[PDB]
Each structure stands twice: as C-alpha cells, then as structure tokens.
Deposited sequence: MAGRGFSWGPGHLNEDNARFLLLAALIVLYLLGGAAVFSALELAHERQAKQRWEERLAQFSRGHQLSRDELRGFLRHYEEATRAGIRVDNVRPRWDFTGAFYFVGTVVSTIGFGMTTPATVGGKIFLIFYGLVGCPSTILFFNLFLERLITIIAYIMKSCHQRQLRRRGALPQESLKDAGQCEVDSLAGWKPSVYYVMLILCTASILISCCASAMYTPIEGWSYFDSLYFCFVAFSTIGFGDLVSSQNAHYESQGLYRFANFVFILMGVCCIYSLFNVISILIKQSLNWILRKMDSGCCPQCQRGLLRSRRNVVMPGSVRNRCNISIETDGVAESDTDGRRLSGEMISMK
C-alpha cells in the first residue's frame, strides 16, 4: 500500500506543478506574443499595400516557402543537408534523443530505417551514459582516497555538488567559444547549452550551421566533444536529483498521518 500511495502522491504533485507552471508561463508570455502577432500583421498589410499584390497570392507564395523551408532552404547561407557530415550530425542528434529538427527524413524508406535505427541505437547510448556515470563515481572515490592518504565511496550530496560544478564549468567554457564565433550573447549561449544538454532540443538555436565556418576542421570536433560531455554530466545530475526527490517523497509520506 506504500507503493500505491507514493505513486498517487507523485501523480498529484506533478499535476499541481503542471497547473502552476502553465499559469506562470502564460502570465509571462501572453503580452509579448500578442505584440509580435500585431507587428507581423502590420508588416504584412504594409507589404501588400505597397506592391499592390493580393492576399491569396501571398498565401500561396508563403505556402510554397513553407514547403521549401521543410525541405531545408533558409535565408542566410546554411550548410548542405544529407552530405556525409550532415548525415553524421543527424545521426548524432538522433541517437542522443535530442532531436533538434533541423534535418528530418522526407521519403518512404528513410522513415522505416529511421524507426529501426532509433530502436536499435537509443538503448546503446543510454547504456553508455550509465557506464560513464559508474566510471566517474569510481574515479572520484579513487581520487578522494589518494588525496586523504573500496570503502571510500562519496555520498550522494557530494556527487551532486561535483556534478553541478562540472556542468557549470563545461557550460561556461562552451559559451566562451560559442559567443565570439556565433552572433550570440553570453546568456543566449548559456540558454542553448542548457537546452541541448538536457536533451530537450527545442531547435530554436542550433550551432555549426553557417556554411563557410573559418577553420571548420577543429570547430566541428570541439562542438562534438562539448555536446557529448555536457549531455553526460546533465544526465548524471538528473539521476542524482531524482534519487533525492524519491527520498523527499518518502519523508513526506512518513510525516503525514
């Protein structure tokens, strides 16, 4: 009966969390949204009036441009899709369950292969992350024992603090490279790092997509390394926080009578 009670309590807490978050986000974003929509409508009206065009023609043109944009066409000089390097980027985003969406299959045959490829490849990456976490815990224990100088395993709190510090350092080091090379601010770089590392992958900000990219040989390698390390660290941090949340739920159940 304890497991059922814990399950029900967690479900209720998540429901309340979702409701509160929805209210807060709506209150934060509604005015901005409405203002942006009004600005777009004014711009569209001005363009239509200036060049004496018709709305239906503009709707057809925009539908064609929407089709072209899913094909892959952009307005500022993007790198080609479905070359070997682009395919490598795509499969890397697939196996990590990031799913930026900048590149998607469009043919029958590439979607069946997409399904089978993901079905065979995502568990391997999950196992790799688990093995990385185990190795990191072992090396942390060994380092601590050597510094003090088996039974020297660190507690969960210290592992959480170390993972937080590592994540902060990795994010600030990746941002220190993203900000100059891209046209991004430091806060935007940190936001992109958080969105990519947590495997949410909104897709609004994607790096390394500007055709000629200066040196472009070391830059792609550095991007790959940074994303890999960040994803590993954030995965481990989330697992530790989940363990702590389970302990807190147990305490909440015990206190209530």
Point to revise | Unmodelled intervals of the deposited chain, in order | key: 1 to 13, 163 to 187, 296 to 350
